[PDB]
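In the form deposited in one PDB entry, a lone chain appears below as structure tokens.
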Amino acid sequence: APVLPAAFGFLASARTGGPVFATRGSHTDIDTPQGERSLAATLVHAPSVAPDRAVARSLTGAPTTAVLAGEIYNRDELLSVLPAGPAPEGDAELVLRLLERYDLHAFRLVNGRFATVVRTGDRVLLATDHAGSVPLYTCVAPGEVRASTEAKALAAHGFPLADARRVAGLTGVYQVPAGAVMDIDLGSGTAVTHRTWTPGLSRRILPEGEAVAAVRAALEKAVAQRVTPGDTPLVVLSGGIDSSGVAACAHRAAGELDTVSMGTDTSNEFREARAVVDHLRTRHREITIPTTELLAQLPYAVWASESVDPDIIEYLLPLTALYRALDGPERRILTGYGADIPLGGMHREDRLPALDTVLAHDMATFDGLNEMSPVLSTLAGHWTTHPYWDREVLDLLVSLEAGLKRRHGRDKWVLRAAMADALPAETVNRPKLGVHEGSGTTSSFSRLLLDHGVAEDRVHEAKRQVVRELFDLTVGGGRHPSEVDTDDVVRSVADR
């Protein structure tokens, strides 16, 4: 529903001397008071949004300009540490007020879904939220610093930056790691990176009672922060405990709930989803996308996510299509995505030792996948947020000892028990089922391959070659997905 962030993404630059995005929306070039020596930036955002709130300026320290894509959820908290009074008019101004107090350490305090770039004097700051849910890339050269929330905008011509990965194929284009802040001196072109968050490695113990309660309270608040007062949110659900947990909380926070479920002509989860829409009495809508169409949208998913990971792509393909086929006006969409990462729910492990090993490195290897990028939905005009990856909910879920994740013969137990009084028993105890499984994405994507020659002891690697190809063409090539024929790229790869 209405009330989206002041901005979805952006392209900025800071020099001593027309961007094309996947994100759909309006563009607004911000003013440049000191012109040449100011921070130039093109903002991409909803046509019904006033970019203002995403831009803030000041003279504190120096001439300072701040651009912020996304939103912050722990506003009251952040506002409580400041000299109360001149409340900022937005998140960008909020960030600026915080930077004046804690400097770059301010980002250690922010709980949100954002990406920002700030310039003060010849100093340039680049930051992401604890999870890096709003991809942020950069080209740093002595005297020139280009920032963008999409690598495709920076894929034309920087110098190597340490503590930052290079974007596949591109050269001189880096990504700002998750939960980090790059301190950049425009003069020398030097960049220092500070991490402002890192998964916890220790585990805490708690009796079922307290554990189930803390997990519920946290989730409820994570959702409360994400739902806008007034309009009814939209929840994309499966009729999994994850998205059902979220639907339950959102329903309470908004008093009403619109839901939507995706399916293909091979399989779907409409029955599991219906069992939830009926319990909660939500306004439901089932969308079925032909497997052929599903696969035909491969280049769009890779173009929006800017990822080259085959498996993640299979997870996003169904979701991406669903966002694109969504009917009606731009919505504020909540999800239950990510819940499995801190729970190892995608591994189906009954052995605590293996469960901890698995859930752990999973937390240490999510950066760079962009699975939770907002572009997956903003390419269609929809804003998405994921409450399970809220910093507070993530911290807690991650910290729980394996015996609370795998317990009583069930996985993700703690969460299942946390929602047992708001969802039907069949739902709470429904076995884990990937979006890419309950729709036949992974299976279908293996025919189109096998149906082109590639045999067994290859298939996975082949998908990896197709996905990498789509990337080079769209992200690193300037080619719109609609110009890349999936079946063509598949053919050129069905070889070796």
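For clarity, a rigid core is taken as the largest C-alpha set superposing within 1.5 Å between two forms. One-based numbering along the sequence shown.
Not pictured, yet referred to below: the form deposited in another entry.
Visitor: Using a core superposition, identify the member of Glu349, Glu392, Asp362, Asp356 whose Cα displacement between the shown form and the other one reaches 2 Å or more.
Guide: The listed residue whose C-alpha shifts by at least 2 Å is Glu349.
Visitor: Does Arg458 move appreciably between the shown form and the other one, meaning a CA displacement of 2 Å or more on the superposed rigid core?
Guide: The answer is no; the displacement is under 2 Å.
Visitor: Honestly, after the rigid core fit, is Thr60 moving at least 2 Å at Cα between the shown form and the other one?
Guide: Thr60 C-alpha, core-superposed: shift of 2 Å or more.
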